[PDB]
Amino acid sequence: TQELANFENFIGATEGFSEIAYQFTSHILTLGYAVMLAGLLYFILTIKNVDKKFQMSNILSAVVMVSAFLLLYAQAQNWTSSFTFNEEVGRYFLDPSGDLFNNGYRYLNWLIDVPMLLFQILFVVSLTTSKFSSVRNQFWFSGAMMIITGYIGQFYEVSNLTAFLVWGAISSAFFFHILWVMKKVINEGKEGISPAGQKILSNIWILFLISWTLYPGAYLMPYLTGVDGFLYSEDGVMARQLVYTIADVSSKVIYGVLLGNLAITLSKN
Ligand SMILES: *C/C=C(C)/C=C/C=C(C)/C=C/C1=C(C)CCCC1(C)C
Ligand code: NA
């Protein structure tokens, strides 16, 4: 029995991490929060560039950046605090005098950010036949549920793969519903805007679809080559944390930038 849970800790306690793996992950997580702070300033500075009626979107972007910056900063500190060099072996191992790697930071970020990200498109596009309040409530419920059930799942990642995957499947149910509602919102948003605006919404959809699907990918990452597999290792920890960071930048900053551009193109008409 290996007291330690979560996958980063398990690897850290048994295998350890190479200098490369440890340093790379550290730098990736740092770039994570660096990009959010630059984003925060961007959304603040450019708020004036869009008409009053759209500005709640820029605002929500900014607030997402605040939470993303704070919690990803915490996550990065959590990484370097949690693993420590052994001279004998020449790898980084779980430090028992540290606090242990904790996914809580990222998952809290998700609980806060997912509702706002879904919400903020409703202040740029106009629905047609759907009700603002119906779409909102559906986003908020399914979003909360998606993150909550995921978080439950993630506890069993090492200890009970069955629970890990089942909770993850439930989570994916809510995910699918979100995709379905977002697609409706984007299709309705395309009616009665310039072709320029339609083109940007097409790109938002693609970005949204790819970026949000990275998260379940990273969730599953360690297991995507079986238990004997090359990913079931520091390389899976590396890839998971890399993909989470690519997702965060794309789902928050690039998403936000695209919505801003759409808002500007809408005023032009
Ligand atoms: C800015 C952060 C965002 C947009 C986070 C999004 C997170 C997800 C879409 C998570 C989805 C998950 C599943 C669909 C299954 C596995 C558990 C999750 C929470 C990773
Ligand atoms: Na350390």
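The numbering shown runs from 1 along each chain in the order of its written sequence and may not match that of the entry; residues for which no coordinates exist are omitted. In the order they appear in the text, chains get letters beginning with A and ligands get numbers beginning with 1. Neither water nor hydrogens contribute to the side-chain values; these are computed over all heavy atoms in the structure. Residues with missing side-chain atoms are left out of burial classes, side-chain pairs and their counts.

As recorded in the PDB header, X-ray crystallography is the method behind this entry, and the stated resolution is 2.3000 Å.

The chain is annotated in the PDB entry as Sodium pumping rhodopsin from Dokdonia eikasta. As deposited in the PDB, this entry carries the title "Crystal structure of the light-driven sodium pump KR2 in the monomeric form, pH 6.0". UniProt positions are given in the numbering used here, feature names are shortened, and annotations may be inferred rather than shown by experiment. Regarding the chain, the UniProt comment filed under Sequence similarities (unreviewed entry) reads as follows: "Belongs to the archaeal/bacterial/fungal opsin family." For the chain, the Subcellular location (unreviewed entry) comment in UniProt is given as "Membrane".

Draft legend 1. View of the environment of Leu70. Numbering of helices and strands starts at the N terminus; helices are DSSP runs of H or I of at least 4 residues and strands are runs of E of at least 2. By secondary structure assignment, the location of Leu70 is in helix α3 (residues 55-82). A C-alpha to C-alpha distance of 8.9 Å links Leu70 and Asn109, two positions 39 residues apart in sequence.

Draft legend 2. Quick look at helix α8 (residues 234-268). Take the number of residues in a helix, subtract one, and multiply by 1.5 Å to get its expected span. When the terminal C-alpha atoms of α8 are compared, their 50 Å separation across 35 residues agrees well with the 51 Å that a helix rising 1.5 Å per residue should span. Bend at a given residue is defined as the angle between two axes, one fitted to the seven residues that end at that position and one fitted to the seven that begin there. Considering bend angle alone, the principal kink of α8 is centred on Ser250 and spans about 30°.

Draft legend 3. Structural context of the coordination of the sodium ion (ligand 2). Distances up to 2.8 Å from the metal define which N, O and S atoms are donors, and 3.2 Å serves for Na, K and Ca; water is absent from the atom set, so sites may look incomplete. Donor atoms from the polypeptide that coordinate the sodium ion (ligand 2) comprise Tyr22 (OH), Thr80 (O) and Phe83 (O), at 2.4 to 2.8 Å from the metal. Going along the chain, you hit the donors of the sodium ion (ligand 2) in the pattern Y-x57-T-x2-F.

Draft legend 4. Representation of the UniProt feature "transmembrane region" (unreviewed entry) in the chain in the model. Feature annotation in UniProt assigns "transmembrane region" (unreviewed entry) to the following positions: residues 24-45, 57-76, 107-127, 139-156, 162-182, 203-222 and 242-264. Each end of residues 139-156 is marked by a C-alpha atom, and these two atoms are 26 Å apart; helix forms 89% of the span and strand 0%.

Draft legend 5. Spotlight on helix α5 (residues 132-154). With 23 residues, α5 extends 33 Å from end C-alpha to end C-alpha; this agrees with the ideal 33 Å at 1.5 Å per step. Each residue is assigned to one of three classes by its accessible area relative to the maximum for its type, calculated with a 1.4 Å probe on protein chains only: buried under 20%, partly exposed between the two thresholds, exposed over 50%. Here α5 has its buried residues at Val135, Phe139, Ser142, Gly143, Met146, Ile147, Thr149, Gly150, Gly153 and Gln154. Tucked into the core, α5 has its buried residues touching α4 (104-120), α6 (161-190) and α7 (195-220). When checking whether two residues touch, look at their non-hydrogen atoms; a contact exists if any pair is within 4.5 Å.

Draft legend 6. Quick look at the site of ligand 1. It suffices for a single heavy atom of a residue to lie within 4 Å of a molecule or strand for the residue to be listed as near it. Lining the immediate surroundings of ligand 1 are 16 residues, of which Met146, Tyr215, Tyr219, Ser251 and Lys252 lie closest. Bound to the protein, ligand 1 loses 100% of the 530 Å² it would expose on its own. Looking at the shell around ligand 1, the elements that each hand over two or more residues are α4, α5, α6, α7 and α8. A class-by-class count of the residues in the shell around ligand 1 yields 9 nonpolar, 5 polar and 2 charged. We get accessible surface area from the Shrake-Rupley algorithm with a probe of 1.4 Å; when it comes to residues, only the shown protein chains can shield them. When residues are sorted by character, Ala, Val, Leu, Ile, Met, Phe, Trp, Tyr, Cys and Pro go into the nonpolar class, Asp, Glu, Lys and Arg into the charged class, and all the rest, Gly among them, into the polar class.

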